[PDB]
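Below is one structure, written out as structure tokens; comments come after it.
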DNA sequence: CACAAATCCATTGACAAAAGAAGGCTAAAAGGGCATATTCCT
Ligand SMILES: [Mg+2]
Ligand SMILES: [Zn+2]
Ligand SMILES: [Zn+2]
Ligand SMILES: [Zn+2]
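Residue numbers (UniProt numbering), protein chains in the order written: chain A, 3 to 74; chain B, 1095 to 1341; chain C, 512 to 613; chain D, 2 to 73; chain E, 797 to 845; chain F, 16 to 937, 948 to 1126, 1133 to 1375.
Below, the structure is given as structure tokens:
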């Protein structure tokens, strides 16, 4: 983890980025999931921002996963 | 030994350091000449001759030292105390000119420009454009770091307002003044600011929960009410004023 | 002094505060004693919570535990003595052995 | 940085404006009056030669200097 | 203080703004040691207990 | 969870509702045990227990007794913290008056009862009665009496008086008066007395009374009868080691008031004489009044300490008080300090850390990890083992720190770049490392300066620090898009030493297969680091759509530049490292790298440039030697010449030719000229003294002197200080500004004798003394900027308006001081940008002008760009993101949430330090170059010479180039001798206007004869005949020159013809007779002939830059010489004469001109009384006030005046700052406003209210069928615009706390938390930043 | 199947103890008064 320009490539405003990386890192640290990207022995924030950096996570994917969890 | 920065002299116009390190280089060169003469146990007469010619040069210099009432009994001592380097003087405004400095530099066989060729230790290859050396008289100011470096995880807390103390004697934490709050507002840091001024400093019930969640690997933070604001509530309300926190 | 305008009261510390570590300790205590008290018998696990001031407005005296458990003012101390005598096992209740420092 | 590194800037600004004022207070060029204005009487050509632009003889200029000395 | 063989030159950024780069020969010749004899007191105030 | 903080007056039943009992005794504690007293100022029953879960008598000491209050000691057993929460009350023996409604400035009880404050003072302190139910004898409620009058009213009747004196009297005054009655009364007594003072006064007072009305507050609540005491804990009585104690002054103040209350009680049951009891009542009013506050009362009644006792309100206000100091600026856990050192090895995205500090701040983290690993048992074991510091904790620490950032921070945090987050690197030793390219961002050297490190605890905090605050994301300054990671002080010297041609060195003039072979050839010792060389390279000049098209060449260049190329990334062209590469150029290089190739490549290239520059400055061995400070051989010559000159002036002064007060100035100018000469000589002898001889003959190159190399490089220092080394060193002015005429002819390479050093000491002392005082207010203008525009944040995304400013370069006839590039880079065009071909729409409506559009305009040369400012953004409570623009640290469009108010403040502030702290001070339009000419507002005629001359006023010249732009403009005054016309492609170096300060003419519009009117001698004027040659003329005379027998006349040389009329000016209904003011120098005598445009009568007649010039400039303070202008646009004409000031009115074209005021002739008129001047036209003198720019030329001018006024203070300093920020403070300066008509409104017409209420109201009323309403735009200075605030917590924190509170108290104000200063206080999230989501969703919660 | 002990929870029944509210002691605080005349400082 070095720079978060790519995180502006994924979403915009650079604030929902941080506040959604925090939610995904909640899911990943407080055990509710594991990451979709192979963490190279990194801290939870690092993994959250990385898998955001793959177009794999943002507000919509997280919320639709939320609804799928609501199926339980 | 010490490697200063050569850029200090133009901006900080203090030519004293260049000029003094040149003169000190001359003084230590005279000292090294005496030590070569001495440890080799050259003589007493030749040692006397050299020291005598060293103690006089420069036009009408006010002191007059000579080796008549000496010696030997004295010039062995006056060498053994000058073997580390002939200590020089310079009055505050009637000092030695550049010229007498260069004459010292010529007495011992150092370069008159005061500058040597030096060789980089790591690469072993030689710098360009010779660098200046010489014996500057450095000091050790008592801004010593290991009574300066200081930090606290969770120390004690002041009585009236529930905030950490101020002093390194009492483990005070760093002040998060008014300019830093603006600095964080200028960014988007808001949870940072919220923790910095709620759970790290003021809140009584959030700081304990915060510590617990730290040890439990859950990096959450429960806000609560800043205790300073509760004191300000009791103070505003201590007058005949009813301030309250509406629903 | 300091010309910093720090008043005297700005350095007088508190003594009512629970040391934030010591709260962090105690949260494992009621957890850890909950651990051994988990692997207890329902009588011993309940009677010890009965005998000691655990997880309630509590500390019912030994006659008072003799009434609720309906056994005996004398018999309770027997199972109470039986309680920690089983818990006095090294290599069985070593968790609270962590909460000892001589 | 270090306060001497700044204080030199303060000092040089002060003295630069000093030299600028005291060098601008000399009149540059113009048609000499040949006569002190306060008296209409001749300003001798030596004074006409030194400051090209003088408009007072020594006496009326001395009077004006003494009057401005009290700043009002 | 004490006089050191000093040179004026950059040398790889360790003296960037106002820094200094002392040789280990300085700190190994014990040439800048000091003695800080600091003191610690302790009272015995008989309290109510 | 709460919201909408509230405040109001407190009822006695309210205050009884708070308490848990009433203090009676003035005892506090037991002096033998330290237990509280029975019901003293520390009670058991009242304020609760003393220790955790026990009574005070000891009857109950378990947690199982929770809640039950004991029966002997009666103390409610609960937590001991409850003493911090309870409150006590006091039942005063008699009423007494609250100081805040009594002695505050606007006197809340003063104008609540029609009275002067001294009258109620005489009432309160038992001096003279006040009548209530005073019968129908003489009074009803108001007028005061005396004891003679009190007894002669008690005389002849005991009934029918019913008056008291003091507290009870005022209490019956308030408790009797009704609100609605008086409001309706003075309502009727208002519109029949709405005279200009009476109207506003009574209207404001009735406003206060109606505010009292709708509040439900009762005036008698103002006077106190029950007084509430703080809890004990907030006024503790801590025990000090050694038997002593420490209390707060609140304790003894409470004690004294309780003592006076007990005494008055004892007096009342005695029925002692009323004199003694009245003194008691007075004393208790004194005590309570000094309790609530110490200032209004005369003497702060001190104690045995020779200091004043510190009362209640002093614990809220002031610097020291809770608000300003402890409620925002508070210490922090998990934070540490240290000394900073450099350690240049480590990358920009990280900082070294001492290992001890690292193991301290992250203690709880390491405990958590050691328990997660099972390497310990419990937390106690973990702490014990980390205190042992065994091996495992080091690996645990290296693991937990790994991606966990820390904040660095310095003492003077000016701008947001003063706080940046780094990734730790565990270091032994006790210093704090730092990437040297970040010192400049911090503005900290390494003379022992100390940062502090805070730990981001929360995971949202960790992400905030990394994604928003980490140094690598923050490289571009916020006050201007310039990268602020530039090579600072030493890597620039290394890089400059690297890229430097010398005519001959090793391996001169070979060919190299690439940069790599250059490096291989240099390190092997076969070519020099800088030898001129032909080199083959390959540059990746990306031209196509993201296509990196390579293309090679054989560049002829230095070996050094070829080496340095290997660290340049793919983007740039080789022509960037193909120069000397000083300090400026390398900053430009980083700027271009960012501009071309993104961010991450620029950060990687920044670290590379630092690494390589450091390494080659190491290789350079760049030293400074005493031989290297060259003295010019021709210095003593110049010294002898200048000493000859000073002797010459002295000789003449003894010859009686000059004043001493000019001998001074002559010798000063002599020495200054000699100084500049010496500097030029020394530069010539040093800048290029190096001669070298390749192939025989010698050639000239720039010097290799390593002081010159550190000045030409711009690394540190400049040419001037190097002068101060070798040449003569100035003149060394005294502290004030008196220069000492005998210079310091020495230099520093030579010595300075005692008087030279002493003369130096004056300036050195003053400079150091005033640089230690910009520290005393490092953050004063920053504070007073933040506390006005802090509550302003980008909130929406686009407001869809079209307004803005028309940007044009800042050129004043010289060279372009600010091109259209900078003033438009990064803004949003409000309309299209049309090429002068009038059909080329270039940027439609919302194209953010990045470098590319502004480039395209640059080579297209369109200079008319209507760009949407912030100040005209239509948004409410904020600003359109698209309106603000893009100038972030990040290059992209601003994003909603950004607290642009605060960054505007910190950008307009922190370079303010780079300014000078003290306010320092400092004819014909000759065309300077080639082009055409354009006269704007060119209202002129073919004049007497058949040529052009200004008959208009605001004709502004323009060097018209054929590009489609304005090359170089000028101002042309009235009646200027236009030696040409308009639309002439002219040559260069030509004066096309001329005019005289002693000839401001009144030249004729058209022809005529010299046929006078009213020009009568002895009655109006003097028959002047300047008979040195004999010319007679009728010059106009002013009224002190005209007699009284002609003063009611208007002199004029009437325009006529050869027939007998008065030829009327076509366009007006007046015949032409040029009325003339005083001093109207006339020549043409009666009957002479003239023609069109002839000389009728040609009447005769420094910029600052300091910092406090700026705070004033941001205040709209009325300068000494305001310039009023026309409110009407039309033909003007005079009026009455000298009622102290002349009179004259600007007549409309068709309407009415009722506009006239006291125009003093000390301020000279520039227009006659016969011109059609429009509103906003120059009539008055001196500096225009910024207010009138708004009220006359609108908001856009007052902002274009203010940004173009404060920018040039930075401009005159050499400082750079973007213009976007100086608007966002403007937008706060004009937030208030006043009304034009109520219409469908709900306020007074002649009233003032902030813009947004109007802005939401009458835009909504158009939605309704109702009428819109009109409003005047006010304008307030920042500290005056800052007090006007919708909150009442954002105001208490910074302004006069008592003034805000009583007003917001009586007003019953309710603050709903918004803005950034309040949410910090309450400690919830901020509305602005990351917490913009958290605060909108409250609106959804506040929307149901 | 089928008889004899170890000992389970059940008392049972003695003792040693701890405190718990009153009872005696007593030192502490509190109050209650003393007139030749001292007459506006801070
Ligand atoms: Mg510093
Ligand atoms: Zn004269
Ligand atoms: Zn009790
Ligand atoms: Zn906008």
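The C-beta atom is built at its ideal place from N, Cα and C for all residues, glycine as well.
- Residue 104 of chain F and residue 37 of chain F do touch by the CB rule: their CB atoms are close to 5 Å apart, below 8 Å.
- Residue-level contact check: residue 35 of chain D does not touch chain F, since none of the beta carbons of chain F fall below 8 Å from its beta carbon.
- Spanning the alpha carbons of residue 970 of chain F and residue 1119 of chain F requires a straight line of approximately 8 Å.
- Assignment of residue 36 of chain F by DSSP, reduced to helix, strand and coil, places it in the coil class.
- CA-CA distance, residue 250 of chain F to residue 284 of chain F, rounds to 32 Å.
- Looking at the backbone, the Cα of residue 796 of chain F and that of residue 309 of chain F are separated by about 29 Å.
- With a 10 Å radius around the Cβ and a threshold of 16 neighbouring Cβ atoms, residue 1328 of chain B comes out buried.
- If the five residues before and after residue 904 of chain F are omitted, its C-beta is found closer than 6 Å to the C-beta atoms of 489, 491, 493, all from its own chain and listed in chain order.
- Between residue 937 of chain F and residue 1143 of chain F, the beta carbon gap of about 17 Å keeps them out of contact (Cβ cut-off 8 Å).
- Residues of chain E with a Cβ closer than 9 Å to the Cβ of residue 1231 of chain B are, in chain order, 797, 798, 799, 800.
- Its Cα nearest to that of residue 435 of chain F, the residue B:1279 stands out among B:1123, B:1279, B:1153, B:1316.
- Residue range 1244 to 1246 is occupied by the beta strand (DSSP E) that includes residue 1246 of chain B.
- Judged by DSSP in its simplified three-state form, residue 999 of chain F adopts coil rather than helix or strand.
- Between residue 73 of chain F and residue 90 of chain F, the CB-CB gap reaches or exceeds 8 Å.
- In this structure residue 954 of chain F is exposed. Its beta-carbon is surrounded by fewer than 16 other beta-carbon atoms within 10 angstroms.
- The alpha carbon of residue 50 of chain A has as its nearest neighbour, out of A:58, A:4, A:10, A:23, the alpha carbon of A:23.
- Three or more beta-carbon pairs drawn from the segment 966 to 985 of chain F and the segment 998 to 1013 of chain F are found closer than 8 Å, and the two stretches are therefore classed as touching.
- Among the residues of chain E, those whose CB is under 7 Å from the CB of residue 1226 of chain B are 803, 804, following chain order.
- Shown here for residue 644 of chain F: same chain residues with a beta carbon closer than 7 Å to its own, the five before and five after excluded, namely 722, 740, 741, 764 in chain order.
- Residue side-chain check: residue 366 of chain F keeps its Cβ at 7 Å or more from all non-hydrogen atoms of ligand 4.
- Counting along the chain, the unbroken beta strand (DSSP E) around residue 554 of chain F starts and ends at 547 to 555.
- Residue-level contact by beta carbon holds for residue 1294 of chain B and chain F, with a gap shorter than 8 Å.
- As the crow flies, the alpha-carbon of residue 1146 of chain F is around 55 Å from that of residue 93 of chain F.
- A contact between stretches requires three or more CB pairs, one per stretch, nearer than 8 Å, and the segment 578 to 592 of chain F meets this requirement with the segment 549 to 557 of chain F.
- For residue 831 of chain E, the three-state secondary structure derived from DSSP is coil.
- Remark: the shortest separation between the CB of residue 74 of chain F and any heavy atom of ligand 3 falls under 7 Å.
- With contacts defined by Cβ atoms closer than 8 Å, residue 694 of chain F and residue 704 of chain F do not form a contacting pair.
- Here the distance from the Cβ of residue 58 of chain F to the nearest heavy atom of ligand 3 is not below 7 Å.
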